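Novice: Okay, here's the structure, questions in a sec.
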Amino acid sequence: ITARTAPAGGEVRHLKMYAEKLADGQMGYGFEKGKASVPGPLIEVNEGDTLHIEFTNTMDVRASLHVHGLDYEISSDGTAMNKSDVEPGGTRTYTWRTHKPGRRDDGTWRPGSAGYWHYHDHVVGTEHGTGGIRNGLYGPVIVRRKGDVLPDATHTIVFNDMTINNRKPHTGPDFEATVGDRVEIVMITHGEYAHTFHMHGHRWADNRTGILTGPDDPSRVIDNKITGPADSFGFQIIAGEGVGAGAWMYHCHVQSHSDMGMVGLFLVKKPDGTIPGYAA
Amino acid sequence: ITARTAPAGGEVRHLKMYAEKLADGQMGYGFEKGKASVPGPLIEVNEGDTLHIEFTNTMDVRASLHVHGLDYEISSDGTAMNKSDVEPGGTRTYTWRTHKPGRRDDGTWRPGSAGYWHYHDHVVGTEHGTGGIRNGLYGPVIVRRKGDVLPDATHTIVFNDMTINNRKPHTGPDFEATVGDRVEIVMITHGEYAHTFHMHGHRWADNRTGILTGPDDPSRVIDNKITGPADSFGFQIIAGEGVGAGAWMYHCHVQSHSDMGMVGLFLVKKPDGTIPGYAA
Amino acid sequence: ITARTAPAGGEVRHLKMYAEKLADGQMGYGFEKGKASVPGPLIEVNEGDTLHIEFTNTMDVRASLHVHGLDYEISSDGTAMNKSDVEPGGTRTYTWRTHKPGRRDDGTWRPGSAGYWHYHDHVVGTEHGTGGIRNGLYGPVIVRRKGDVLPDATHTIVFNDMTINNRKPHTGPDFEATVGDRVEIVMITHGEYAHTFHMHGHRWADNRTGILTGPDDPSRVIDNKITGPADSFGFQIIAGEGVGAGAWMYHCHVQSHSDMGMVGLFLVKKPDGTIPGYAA
Ligand SMILES: [Co+2]
Ligand SMILES: [Co+2]
Ligand SMILES: [Co+2]
Ligand SMILES: [Co+2]
Ligand SMILES: [Co+2]
Ligand SMILES: [Co+2]
């Protein structure tokens with residue numbers, strides 16, 4: 001190998017997060033008061049890392065942080081039921097852990113935290129977090145296995161009801177790369193409907209990393225994937241590999257989803273910054 | 001290895017089954033007259049076993065047994081079309097077979113019956129079994145490969161329209177285990193709608209067994225899975241592994257499905273029987 | 001091995017295709033003027049082959065050819081946006097390429113074009129091709145890896161809205177084989193709804209080829225698969241393996257989809273041509 005790969009994990013990391021009501025009426029998470037986004041910021045860790053998240057709810061309603069895939073004790077579940085949500089103006093420290101795979105005492109193989117995951121609110125609107133998630137309380141989490149290939153850049157695409165990342169229909173979002181960049185996509189689905197994500201000009205492996213380790217992986221290679229509420233997946237592509245520069249559409253392939261909005265552009269540039277067939 | 005594993009199969013097994021109308025108006029299967037359940041009882045066999053099911057329809061309407069995945073001749077298809085359904089008060093012997101994987105004469109690999117499957121009616125209401133399935137005529141079937149890890153216990157969760165196992169919304173069902181128990185879940189979906197099954201605090205492999213054989217399996221590890229009508233899957237988890245005791249929610253992650261019902265508790269206890277943050 | 005396998009690819013192939021309005025009001029593709037079908041004809045190539053498609057639009061509206069999975073430059077995307085659609089009476093040469101898998105300079109593994117793919121219009125009705133696809137502008141593409149097992153025959157099944165291959169409900173289509181034939185199914189979904197495809201009496205591997213290479217592939221073996229708009233998959237079965245001759249139903253397992261239409265027969269014959277329990 002010669003590409004950047006993830007190191008072995010096992011550090012204790014500390015992080016501040018905030019839930020905020022935004023001027024537009026949405027609700028979002030951020031690492032800093034006043035810099036909440038929808039989607040929320042990317043959290044990336046190595047298998048074995050522990051994360052202590054000092055979470056503050058600056059809203060006038062109860063809110064939580066619930067994560068998928070990672071190890072948390074019931075005190076960090078982030079639900080009303082376990083009293084692990086947070087009162088208005090409150091602060092709580094959530095802890096997320098991750099583990100490497102390995103042999104159990106009984107000889108079986110324990111899986112490993114690595115994968116494409118996400119966090120979201122589990123209490124706003126309803127005690128399953130319907131209002132919070134609808135308003136924008138969700139974000140991606142990546143957990144890397146030692147040896148995993150690292151990308152040049154990560155972009156997050158979220159199908160939340162009939163929006164991409166809670167934006168008005170036909171407003172992208174658009175992402176840019178240069179031919180040959182190693183680009184990582186985290187795809188999260190929220191809300192009420194099933195979707196199909198499609199990319200023109202590229203393809204990936206339907207497995208944990210979205211890439212093939214080598215010629216023995218029998219995983220389907222696809223350009224199209226059905227996702228439902230709270231699914232998360234990811235993959236890496238080489239931008240323009242075998243196909244060259246261009247404004248490569250990605251869309252919710254459900255044909256009315258694409259007709260009313262839910263289309264974005266993966267703008268893949270030559271070194272000079274131009275894109276054949278696309279007028280800036 | 002040190003955990004219980006499935007032995008080699010090849011026994012001929014005999015079983016009585018009944019379709020019954022229940023006092024509540026539902027229809028269910030059972031091994032004994034008067035002990036029908038919804039879901040129907042678990043059938044578990046080893047690859048290579050043959051099963052002769054002496055099926056009796058005690059209802060006033062035609063009924064059948066149709067199974068997925070296992071080997072049956074067209075005479076055991078369980079449909080009106082092949083005249084393999086059963087008249088009211090009638091009896092029919094269905095035969096299901098299973099085979100081990102192996103090399104064909106041409107050098108190719110023949111798959112193997114092993115997996116998480118299910119049986120259901122294929123004729124009540126309509127000749128596709130819409131009324132029967134809606135009323136409760138469905139149940140799980142497990143076929144084990146020699147060497148497969150055996151669980152401490154198996155629980156069946158069925159998303160049938162907007163019910164879990166045909167129960168009234170918000171009535172679970174709830175399942176119990178102790179920290180460290182090897183728990184098996186069979187998840188079957190029936191009816192009209194697509195669903196996402198989600199478990200808090202646990203994860204499994206999106207492959208045949210729901211577990212990783214070791215570090216070369218590239219299967220996605222998930223905590224969330226889209227299922228549609230007549231899908232079946234299963235997996236095993238170590239209860240509370242890396243996360244400890246607690247009332248761990250499972251729910252149809254479609255956010256209106258969770259709001260009106262379709263939530264249950266995986267109650268994971270310490271040895272003393274207590275569950276932190278949960279009041280009995 | 002002893003069964004026919006795909007050779008190494010790398011030929012340049014030339015093909016004429018037409019989009020035509022049909023007498024019934026549908027729109028279809030064909031290799032010859034007057035022989036358009038719905039679905040469109042099968043294109044099959046070997047990894048490394050290049051295809052130059054001389055496409056002519058004989059309709060009174062703009063049309064295109066867009067393919068999934070294969071390598072194309074943005075000039076063959078087949079969309080209004082890149083001006084790669086085709087005016088009424090126009091002709092355009094689309095080029096599709098395919099590549100073998102292999103090691104990149106950086107040591108990573110590049111996937112490979114092989115798989116079950118499809119082509120469709122991307123501009124009729126809307127600039128996402130809603131009218132074209134609805135009317136019948138879609139067809140299957142197969143790309144084979146060197147060494148892939150070759151079938152005796154390939155059949156294409158398309159769930160397009162609430163039709164199979166744009167046929168009136170309950171009109172099949174029906175497919176025939178003899179016990180022991182190696183049959184290939186290409187399953188494509190189009191339109192607005194999610195579906196489940198189910199086959200009685202047979203099963204396949206949820207991976208690239210739909211078959212297991214041997215005993216180390218941990219892929220789920222299934223008889224049921226959720227598909228959404230623009231999904232494509234395929235697999236091979238041995239007709240009647242372990243189950244014998246019969247009229248083996250396949251259907252959209254969504255129970256109202258099966259009630260109103262969306263059921264077909266895989267007619268598996270003994271050498272004498274008879275099918276037990278089926279009256280011609
Ligand atoms: Co939840
Ligand atoms: Co969740
Ligand atoms: Co059926
Ligand atoms: Co069925
Ligand atoms: Co498209
Ligand atoms: Co497409």
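As a convention, Cβ positions derive from the backbone with ideal geometry for all residues, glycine included, and neighbour counts pool all protein chains shown. What is reported rests on the model, the rules as stated and the sources as named; nothing here is a laboratory result.
Novice: Working carefully through the options C:206, C:161, C:174, find the one that is of a type outside the set (S, T, N, Q) and within 16 Å of ligand 3 (Cβ to nearest atom).
Specialist: One residue alone meets the criteria, C:174.
Novice: Look through A:168, A:146 and report the one residue that is closer than 30 Å to residue B:212 by Cβ, surrounded by fewer than 20 Cβ atoms within 10 Å (Cβ to Cβ) and more than 16 Å from ligand 5 (Cβ to nearest atom).
Specialist: A:146
Novice: Against the condition away from ligand 5 (no atom under 16 Å from the Cβ), of a type in the set (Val, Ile, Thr) and free of Cβ contacts under 8 Å to residues at least 24 places away in the same chain, how does residue B:154 come out, does it pass?
Specialist: no
Novice: Looking only at region B:222-240, count every residue that is away from ligand 4 (no atom under 16 Å from the Cβ) and at the interface with another protein chain (Cβ under 7 Å from one of its Cβ atoms) and tell me the total.
Specialist: 3
Novice: Can residue B:94 be described as surrounded by 19 or more Cβ atoms within 10 Å (Cβ to Cβ), over 18 Å from the mean Cα position of the chain (by Cα) and more than 9 Å from chain C (Cβ to nearest Cβ)?
Specialist: Here the answer is yes, as residue B:94 does meet what is asked.
Novice: Does region C:179-187 include one or more residues that are more than 13 Å from chain B (Cβ to nearest Cβ), surrounded by fewer than 17 Cβ atoms within 10 Å (Cβ to Cβ) and among the acidic types (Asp, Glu)?
Specialist: no
Novice: Which number in (1) under 14 Å from residue A:141 (Cα atoms); (2) surrounded by 19 or more Cβ atoms within 10 Å (Cβ to Cβ) marks the one condition that residue A:42 misses?
Specialist: Looking at each condition in turn, residue A:42 falls short on (2).
Novice: Can you confirm whether residue C:65 is more than 16 Å from ligand 1 (Cβ to nearest atom), away from chain A (no Cβ under 12 Å) and under 21 Å from residue A:197 (Cα atoms)?
Specialist: So residue C:65 fits the description; yes.
Novice: Return yes when residue B:192 is of a type in the set (D, E, K, R), more than 11 Å from chain A (Cβ to nearest Cβ) and either assigned to a strand (DSSP E or B) or within 22 Å of residue A:97 (Cα to Cα) (or both) and no when it is not.
Specialist: When the stated conditions are applied, residue B:192 does not pass them.
Novice: To continue, here is another question. Go through (1) closer than 26 Å to residue B:165 by Cα; (2) within 14 Å of chain A (Cβ to nearest Cβ) one by one and return the number of the condition residue B:5 breaks.
Specialist: (1)
Novice: In this structure, does residue A:219 turn out to be crowded, with 23+ Cβ neighbours inside 10 Å, assigned to a helix (DSSP H, G or I), touching a strand residue (DSSP E or B) at 6+ places or on another chain (Cβ under 6 Å) and within 7 Å of chain C (Cβ to nearest Cβ)?
Specialist: no
Novice: Okay, next question. Test residue A:64 against the stated conditions and say whether it is over 20 Å from residue A:187 (Cα atoms), free of Cβ contacts under 8 Å to residues at least 24 places away in the same chain and not assigned by CATH to the domain that holds residue A:154.
Specialist: Criteria not met by residue A:64.
Novice: Let me ask something additional. Looking at (1) within 20 Å of residue C:40 (Cα to Cα); (2) within 12 Å of another protein chain (Cβ to nearest Cβ); (3) outside any strand (DSSP E or B), can you tell me which one residue C:173 breaks?
Specialist: All conditions are met except number (2).
Novice: Given the criteria under 27 Å from residue B:14 (Cα atoms), within 16 Å of ligand 3 (Cβ to nearest atom) and facing another protein chain (nearest Cβ under 9 Å), does residue B:129 qualify?
Specialist: Yes: the conditions hold for residue B:129.
Novice: Could you look through region B:234-261, keep only residues that are assigned to a loop (DSSP other than H, G, I, E, B) and surrounded by fewer than 23 Cβ atoms within 10 Å (Cβ to Cβ), and pick out the one that is nearest to ligand 6 (Cβ to nearest atom)?
Specialist: B:261
Novice: Taking residue C:81 and the conditions (1) more than 7 Å from chain A (Cβ to nearest Cβ); (2) surrounded by 16 or more Cβ atoms within 10 Å (Cβ to Cβ); (3) in contact (Cβ under 8 Å) with a residue 40 or more places away in the chain, which numbered condition does it fall short on, given that it satisfies the others?
Specialist: The single condition residue C:81 does not satisfy is (1).
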